[PDB]
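J.: Would you be able to build a 3D model of this:
(chains A and B)
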There are 2 protein chains.
Amino acid sequence: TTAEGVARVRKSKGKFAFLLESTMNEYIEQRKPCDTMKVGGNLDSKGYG
Amino acid sequence: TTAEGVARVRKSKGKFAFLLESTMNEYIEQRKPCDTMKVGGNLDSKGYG
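T.: Numbers count the residues shown, from 1 in each chain, chains lettered A, B, ... in the order given. For reference, the structure is listed below:
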């Protein structure tokens, strides 16, 4: 689950990075404790239907 | 023209920055005299048709 990926980033002291959709990334970047960040450009361009 | 924007960056001693598509930016970054760089993420995501 996405939540598990977020936890792994948050708990791994910088030793795990998570590949996920920009929408989810940007959402989590605005949630406490505000310890994650989106870096780089997006790797592709698509949409939800 | 794009060429004019490139020239303006190259000749302006750091006092001009040019907003252009990532494709053109990345191409010029690999042309002599290798004095320009793409910085930051892309501002949008789109395509040529």
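
J.: Against chain B, how distant is residue A:8?
T.: As judged by CB to the nearest CB, to the nearest Å, residue A:8 and chain B stand 24 Å apart. For the C-beta atoms, the positions are set from N, CA and C on the backbone; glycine is no exception.

J.: What is the burial count for that residue?
T.: Look at residue A:8: counted by other CB atoms under 10 Å in any protein chain shown, it has 13 neighbours.

J.: got the buried residues for the host helix or strand of it?
T.: Element membership for residue A:8 (DSSP states H and E) is helix A:2-11. By neighbour count on 16 or more other CB atoms under 10 Å in any protein chain shown, the buried set for helix A:2-11 is A:5-6, A:9.

J.: Ok, stretch A:41-49 next?
T.: Under 16+ other CB under 10 Å, stretch A:41-49 has no buried positions.

J.: so does stretch A:28-35 get close to chain B?
T.: No: judged by CB under 8 Å from any CB of the partner chain, stretch A:28-35 stays clear of chain B, getting no closer than 13.2 Å.

J.: what's near enough to touch the residue of chain A found nearest chain B?
T.: Relative to chain B, the nearest point of chain A is residue A:45 (4.2 Å; CB to the nearest CB). By CB atoms under 8 Å, 6 or more residues apart in numbering or on different chains, residue A:45 lies in contact with B:45-47.

J.: try it again with 7 Å
T.: Applying CB atoms under 7 Å, 6 or more residues apart in numbering or on different chains to residue A:45 gives the contacts residue B:45.

J.: and if you look at residue A:25?
T.: residue A:38.

J.: how about 10 Å then?
T.: The contact partners of residue A:25, by CB atoms under 10 Å, 6 or more residues apart in numbering or on different chains, come to A:2, A:6, A:18-19, A:36-39, A:42.

J.: Repeat that for residue A:13.
T.: So residue A:13 contacts nothing (CB under 10 Å, 6+ apart).

J.: swap in residue A:41?
T.: With CB under 10 Å, 6+ apart, residue A:41 has these contacts: A:22, B:22, B:38, B:40-42, B:45.

J.: now do residue A:20
T.: Contact analysis of residue A:20 by CB under 10 Å, 6+ apart lists A:2, A:5-6, A:9, A:28, A:38.
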